[PDB]
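Starting from 1, each residue takes its place in the sequence as its number. Side chains are part of it too, since the values below use all heavy atoms of this structure and drop only hydrogens, waters and symmetry mates.
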Amino acid sequence: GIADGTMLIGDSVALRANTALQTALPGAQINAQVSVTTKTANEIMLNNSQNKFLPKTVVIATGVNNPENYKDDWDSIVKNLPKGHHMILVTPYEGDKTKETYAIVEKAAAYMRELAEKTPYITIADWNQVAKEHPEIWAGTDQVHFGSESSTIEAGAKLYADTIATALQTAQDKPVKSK
Ligand code: NA
């Protein structure tokens, strides 16, 4: 019964790609904010479900903020996805390999890949993998917020939006969570 549509619940990285996301996904509902974590995205997801605002396809674009609890957080948000939805997980990317949290973000991305592989109503959008392939969008940056000027911000934002668009196309023929 859940009506068609896409809502993205995302973090500052997603918020940085706001215009590119909307351009690549016309009519998608982009709900991205600076401090969003996987924890609060879980709460936002259910709040929207319980008010019947959550459409069929849910994009969770979080993971780089507060990565330490990734196991429980991604287990939980996957568990709490309401019946009737398909879910897309956007893997996080921390580019500074010396960051004390780099290995955690990497573990989080890997664990999200495991959940998407495992779960029929879940699809991966592997920003982590794509981000590693494009060093040019990280020159002069904090290694998380793509682009040091307009051209690489735009190029980075378009790569980010296209990754999610490709996952949505992949998820088109795939089932929803049911019972
Ligand atoms: Na899957």
Side-chain angles (χ1 to χ4, degrees), residues 6-17 20-21 24 32-46 57-82 85-139 141-147 156-177:
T6 305
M7 180 176 283
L8 186 148
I9 306 151
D11 64 9
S12 75
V13 181
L15 182 61
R16 195 176 176 80
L21 281 171
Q33 317 167 70
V34 185
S35 279
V36 168
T37 71
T38 308
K39 187 190 175 307
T40 63
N42 204 345
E43 298 157 354
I44 294 175
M45 182 184 66
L46 293 177
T57 312
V58 187
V59 188
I60 304 306
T62 62
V64 82
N65 282 338
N66 277 18
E68 187 269 341
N69 206 27
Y70 69 91
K71 277 176 184 167
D72 287 351
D73 272 327
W74 288 112
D75 281 352
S76 181
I77 202 166
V78 165
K79 169 76 185 306
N80 275 279
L81 178 77
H85 298 272
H86 194 99
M87 185 185 227
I88 292 177
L89 310 174
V90 201
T91 54
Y93 177 73
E94 161 66 71
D96 180 352
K97 294 185 199 163
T98 77
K99 265 275 220 294
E100 299 196 321
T101 55
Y102 172 75
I104 307 167
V105 177
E106 284 300 294
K107 282 169 182 199
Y111 192 64
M112 300 166 68
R113 293 179 192 115
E114 305 195 317
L115 289 176
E117 286 299 287
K118 158 172 195 171
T119 310
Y121 48 86
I122 297 193
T123 301
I124 203 65
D126 206 341
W127 167 244
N128 179 277
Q129 169 173 28
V130 162
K132 296 175 182 164
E133 290 191 284
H134 293 274
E136 71 282 7
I137 70 175
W138 305 111
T141 76
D142 69 353
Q143 298 308 275
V144 175
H145 297 96
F146 53 74
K158 189 178 194 334
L159 279 163
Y160 186 97
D162 285 338
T163 304
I164 289 164
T166 294
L168 288 156
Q169 293 193 284
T170 297
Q172 198 87 346
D173 63 320
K174 297 304 176 199
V176 294
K177 174 159 170 179

From CA spacing to verdict: side chain to side chain contact (heavy atoms under 4.5 Å, CB included), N128, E106 = CA-CA 8 Å; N128 179 277; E106 284 300 294; 2.9 Å; yes

remark   = For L46 and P82 the tightest heavy-atom approach is CD2-CG, 4.3 Å

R16 (side chain) donor-acceptor with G156 (main chain) under 3.5 angstrom = no

ask   = Is there a donor in the side chain of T37 and an acceptor in the side chain of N66, or the other way round, less than 3.5 Å apart?
value = no

query = Sub-3.5 Å donor-acceptor pair from the side chain of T119 to the main-chain atoms of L115, do we have one?
reply = yes

request  = Kindly compute the distance separating OG1 (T6) from CG (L21), expressed to the nearest 0.5 Å.
outcome  = 11.5 Å

query = Checking side chain to side chain contact (heavy atoms under 4.5 Å, CB included) for the pair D73/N42: CA distance, chi angles, key distance, verdict?
reply = CA-CA 8 Å; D73 272 327; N42 204 345; 5.7 Å; no

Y70/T38 under side chain to side chain contact (heavy atoms under 4.5 Å, CB included): CA gap, chis, key distance, verdict = CA-CA 8 Å; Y70 69 91; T38 308; over 6 Å; no

message = Other residues, nucleotides and ligands only: do more than 12 of their heavy atoms fall within 6.0 Å of NZ on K132?
response = yes

request  = Examine distances only and state if a side-chain atom of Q33 and a backbone atom of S35 form a donor-acceptor pair shorter than 3.5 Å.
outcome  = no

ask   = Does a side-chain heavy-atom distance below 4.5 Å link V90 with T163?
value = no

ask   = Hey, what do you get for OG1 (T123) to CD1 (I88), rounding to the nearest 0.5 Å?
value = 5.5 Å

request  = Would you check if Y93 and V130 make a side-chain contact, meaning some heavy-atom pair closer than 4.5 Å?
outcome  = no

query = Are the side chain of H86 and the backbone N or O of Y121 linked by a donor-acceptor pair below 3.5 Å?
reply = yes

query = Is the closest basic N to carboxylate O distance between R113 and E117 below 4.0 Å?
reply = no

query = Which of parallel (below 30°), tilted (30 to 60°) and perpendicular (above 60°) describes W138 and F146?
reply = perpendicular

query = Would you say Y111 and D75 make side-chain contact, with heavy atoms under 4.5 Å?
reply = yes

note = Distance col, row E136:CD vs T141:OG1, nearest 0.5 angstrom, shows 11.0 Å

query = Taking all atoms of both residues into account, what is the closest heavy-atom pair of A14 and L8, and its distance?
reply = CB-CD2, 4.0 Å

key: Test item: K177 side-chain N/O and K79 main-chain N/O as donor-acceptor pair under 3.5 Å   = yes

ask   = Considering only heavy atoms from C-beta outward, does the side chain of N69 approach that of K39 to under 4.5 Å?
value = no

query = Could you give the distance from OH (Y102) to NZ (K97), rounded to the nearest 0.5 Å?
reply = 5.5 Å

inquiry  = We want to know whether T62 and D11 form a side-chain donor-acceptor pair, criterion being a heavy-atom distance below 3.5 angstrom.
reply    = no

query = With a 4.5 Å limit on heavy-atom distance, are the side chains of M87 and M45 in contact?
reply = yes

query = How close do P67 and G63 get, heavy atom to heavy atom, and via which atoms?
reply = CB-O, 3.7 Å

ask   = Do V58 and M7 come within less than 4.5 Å of each other through their side chains, counting heavy atoms only?
value = no

message = Keeping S12 on the side-chain end and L15 on the backbone end, is there a donor-acceptor pair under 3.5 Å?
response = no

Euclidean distance, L89 CG relative to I77 CD1, rounded to 0.5 Å = 8.0 Å

task = Check whether any side-chain heavy atom of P92 sits under 4.5 Å from a side-chain heavy atom of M112, and report yes or no.
result = yes

inquiry  = To the nearest 0.5 Å, what is the distance between CD on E68 and OG1 on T101?
reply    = 11.0 Å

